[PDB]
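Residue strings, one per chain:
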Amino acid sequence: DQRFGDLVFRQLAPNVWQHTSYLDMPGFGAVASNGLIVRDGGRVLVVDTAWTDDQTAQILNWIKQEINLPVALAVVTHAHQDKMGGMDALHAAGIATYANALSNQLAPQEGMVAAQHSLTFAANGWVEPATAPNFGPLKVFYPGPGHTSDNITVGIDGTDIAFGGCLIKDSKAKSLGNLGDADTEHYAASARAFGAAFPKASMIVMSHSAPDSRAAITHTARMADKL
Ligand SMILES: O=c1c(O)c(-c2ccc(O)c(O)c2)oc2cc(O)cc(O)c12
Ligand SMILES: [Zn+2]
């Protein structure tokens, strides 16, 4: 891992980097939230934001420093502070933000800024290409009601890497995490859906755990199978 200011960066693939944002919570400590940075030719594609806009701006700094390429668009997993904490930073930079239709509807309620674009999903969970213009390797898939009712997952086409967001947990986890607005009935079903959508993905990257194997999906489903 490479320390960069208040954040940590790590390379997973020759064109896929992972960022880690830390939120200082008195009494608990530092909560880490991961994200993905993929390079597509001469453009950069970012998945999710940091805990805060400031930290998100720090990511943009790293991108401009190491990659030196402009960000085409940014896709978030859900309307939560741990993934949509840097919406203003993106808008201030002029980066097009893409989020789920439900996320943009729940964002204002959660106290977050809705994205500029709304992703529409099919009955199979797959994203509608119409609302996904020039996404490239960013394949979006909506598993269903899990961590939230607006959570989505993104797979990096051209690589065996998939992002489980805050839905999927690591194979060494003991808890599912924040189950406040989570669906205790479709959690396992949704978790398994993601695994079926991307069965070739060996590296499952999440937001609160370091990139795990496919065992993370099964583990999450097995834990959610007890709800
Ligand atoms: O992802 C989240 C997260 O990690 C925590 C968190 C984790 C451990 C703690 O001990 C704690 O107090 C909070 O906050 C959250 C609050 C939300 O509304 C939604 C989230 O997704 C998170
Ligand atoms: Zn969340």
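Residues numbered from 1 in each chain as written, not as in the entry; some residues may be left out. Chains lettered and ligands numbered in written order. Heavy atoms only, no water.

As summarised from the PDB record, the model derives from solution NMR.

As annotated in the PDB entry, the chain carries the name Metallo beta lactamase NDM-1 and comes from Klebsiella pneumoniae. The title given to this entry in the Protein Data Bank is "Haddock model of NDM-1/quercetin complex". Regarding the chain, the UniProt comment filed under Catalytic activity (unreviewed entry) reads as follows: "a beta-lactam + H2O = a substituted beta-amino acid". Within the UniProt record for the chain, the comment given under Subunit (unreviewed entry) is "Monomer." (UniProt positions renumbered as here; feature names shortened; annotations may be inferred.)

Draft legend 1. The pattern of salt bridges, seen in detail. The tally for this structure, following the rule as stated, stands at four salt bridges. A salt bridge links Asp-40 to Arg-43; the nearest nitrogen and oxygen atoms lie 2.8 Å apart. Between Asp-48 and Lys-83 there is a salt bridge; the shortest N-O distance is 2.7 Å. With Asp-48 in the loop between strand 5 (43-47) and helix 1 (53-67) and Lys-83 in the loop between strand 6 (71-75) and helix 2 (87-93), this pair connects stretches of sequence that are 35 residues apart. Like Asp-48, the residue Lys-83 is buried in the burial classification. (Salt bridge = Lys/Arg side-chain N within 4 Å of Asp/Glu carboxyl O. Helix = DSSP H or I, 4+ residues; strand = E, 2+ residues; numbered from the N terminus. Buried < 20%, exposed > 50% of the residue type's maximum accessible area, 1.4 Å probe, protein only.)

Draft legend 2. Up close: the site of ligand 1. Around ligand 1 sit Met-25, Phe-28, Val-31, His-80, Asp-82, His-147 and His-208, and that is every residue in its neighbourhood. Between an oxygen atom of ligand 1 and a side-chain N or O atom of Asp-82, the distance comes to 2.8 Å. At 3.3 Å from an oxygen atom of ligand 1 is found a side-chain nitrogen or oxygen belonging to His-147. Considering ligand 1 on its own, with 450 Å² of exposed area, one finds that the protein chains cover 61% of that surface. Looking at the shell around ligand 1 residue by residue, the classes come out as three nonpolar, three polar and one charged. (Near = heavy atom within 4 Å. Polar contact = N/O pair within 3.5 Å; in protein donor to acceptor, adjacent residues only side chain to side chain. Areas by Shrake-Rupley, 256 points an atom, 1.4 Å probe, with all protein chains shown as cover. Nonpolar A, V, L, I, M, F, W, Y, C, P; charged D, E, K, R; others polar.)

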